[PDB]
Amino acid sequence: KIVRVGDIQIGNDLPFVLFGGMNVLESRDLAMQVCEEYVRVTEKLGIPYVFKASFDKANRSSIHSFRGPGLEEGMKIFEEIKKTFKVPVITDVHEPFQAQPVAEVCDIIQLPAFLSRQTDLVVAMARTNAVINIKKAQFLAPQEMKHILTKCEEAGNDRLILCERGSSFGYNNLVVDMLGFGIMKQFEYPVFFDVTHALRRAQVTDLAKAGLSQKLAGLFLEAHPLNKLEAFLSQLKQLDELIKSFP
């Protein structure tokens, strides 16, 4: 029900926790800059924070023309971010062997939606007793999440978080079914919602709001310099406080 990561506490009954950061570690310079701006706002408003970014992008369109810095170099950037900002990090691992080294640097490891069924990957990630973030596949029903949490508990990892990213709706279109948050919460694991990955900036705000009204452990953001974050997160903190106060 509650998941501790350093000193940050994560639960559906607790104030929401930002998972914000980048799509991909472009450079060390941007990683630090993005991360610095995020801590500044979140510390101002009193929102517990974790830095998000991939080191590897699987779904690219070229043999080698930019998945990001890779396992060795990405890990060195996460290591520097942890030093400077004393903040937990989160990244997603793609191949089974990477889970072990990555869990040593990264506090939370993410389980990509497309690969969420692959047994071997699940187990590799569970072995590391680091906290696993299960991304919910767009062709999957909330009930199906139970089996993914089971393999995890059977491999002896019971620090798990569900992160919703929207269901498939006809061709190419996605819809976020809000009743799914509820069905997922019965599993007693913290639930998150990925807002940027579920689809102007008007939409992102509306959808983020609509997610927190369902009473969630937290949120995903890929923002990039944005720097209009203060107005946005404050409304969310206000709403979340209202929402979590309800019997």
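Residue numbers run from 1 along the displayed sequence.
In the deposited entry, the stretch joining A58 to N59 is continuous, with no residue of the deposited sequence left without coordinates. Counting the unmodelled positions of the deposited sequence between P225 and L226 gives a long gap of 10 or more residues.
As listed in the deposited structure, the average C-alpha B-factor of 212-220 and of 29-37 is greater for 29-37. Judged by mean Cα B factor in the deposited record, 50-58 ranks above the other of 178-186 and 50-58. Comparing the C-alpha B-factors of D92, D120, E164, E154 in the entry, the top value falls on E154.
By the numbers in the PDB entry, the CA B factor is greatest at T84 among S168, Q98, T84, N133. When the modelled residues of the chain are ordered by C-alpha B-factor, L71 sits in the highest third.
Per the deposited record, the Cα B-factor of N12 falls in the lowest third when ranked against the other modelled residues of its chain. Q143: CA B factor in the middle third of modelled residues in this chain (values from the PDB entry). Ranked by C-alpha B-factor against the other modelled residues of its chain, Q235 falls in the middle third.
When the CA B factors of the chain's modelled residues are split into thirds, the value for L18 lands in the lowest one.
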